[PDB]
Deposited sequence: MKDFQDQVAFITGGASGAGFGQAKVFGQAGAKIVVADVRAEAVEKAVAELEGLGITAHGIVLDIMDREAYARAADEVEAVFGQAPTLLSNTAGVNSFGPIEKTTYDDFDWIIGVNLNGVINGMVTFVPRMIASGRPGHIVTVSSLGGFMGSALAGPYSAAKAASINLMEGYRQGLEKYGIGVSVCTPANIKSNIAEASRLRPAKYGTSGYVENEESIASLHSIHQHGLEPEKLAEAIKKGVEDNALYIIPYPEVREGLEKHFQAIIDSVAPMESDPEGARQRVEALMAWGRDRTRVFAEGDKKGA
């Protein structure tokens, strides 16, 4: 189903990233674990090889644009082609009052949750297009992307941009047979990493723009959006 697909997953040495590695791998995908913690990568790829998944590890801070370029070359060296599946799953956060936020807070959080995915898109999109192969791109953003918050202001804002940016790339890349999705988990008891992983693989198969596997949020999302619509001036 995903046999002879290559998947590049950021923040894949853990959580949702790793869940994806496992789920896509069990479906036949060759996997590339990109994560910053070198020890965790080593562990994670081993555990994948232990599951009969062919897997390669790359230690990478996605905020480094040149290293992101090296990795992408590495991927073509190892598996003889550019990825056919990109997952920007890496994420970080810290809580606290939005007023108290500092430049370092911003740089770090915006850096991972937005700039990290931009670097991903700029790096791979041309290579994926040049391959002339069908492909797909997921970004694990957040539900907080749909609604700014006082305690996760920076994080929510960056996720708000990744959602939008995916909305944009979907339109751009359809003509290239490359689908685009964005997953918006409810992180504001809680959906398990493998559960969410299966939701993403389904979304990829369905070529869904949005992946929101949380029936409970519907009410609040409707309410947040109505407030906006209601703000629209008459007549």
property	result
Stretches with no C-alpha position, numbering per deposited sequence from 1	1-2, 191-225, 273-305
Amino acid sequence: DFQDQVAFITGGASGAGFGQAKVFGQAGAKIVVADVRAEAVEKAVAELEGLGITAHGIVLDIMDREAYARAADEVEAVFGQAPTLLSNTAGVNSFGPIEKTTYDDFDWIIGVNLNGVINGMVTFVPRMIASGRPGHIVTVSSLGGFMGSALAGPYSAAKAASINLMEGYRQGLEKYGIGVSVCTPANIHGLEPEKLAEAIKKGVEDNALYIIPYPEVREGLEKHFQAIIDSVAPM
From here on, numbers count along this sequence of modelled residues.
query: Mean C-alpha B-factor comparison - 190-198 and 49-57, higher one; finding: 190-198
query: 34-42 or 163-171, whichever carries the higher mean Cα B-factor; finding: 34-42
query: Top residue by Cα temperature factor, when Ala130, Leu143, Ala90, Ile137 are compared in the entry; finding: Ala130
query: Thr84 CA temperature factor, ranked by third within the chain; finding: middle
query: Third assignment of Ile109 from its chain's C-alpha B-factors; finding: middle
query: Where the record places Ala77 (Cα B-factor, split into thirds across the chain); finding: highest
query: Chain third (lowest, middle, highest) by recorded CA B-factor, residue given as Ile178; finding: middle
query: Position of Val23 among the chain's modelled residues by C-alpha B-factor, lowest, middle or highest third; finding: lowest
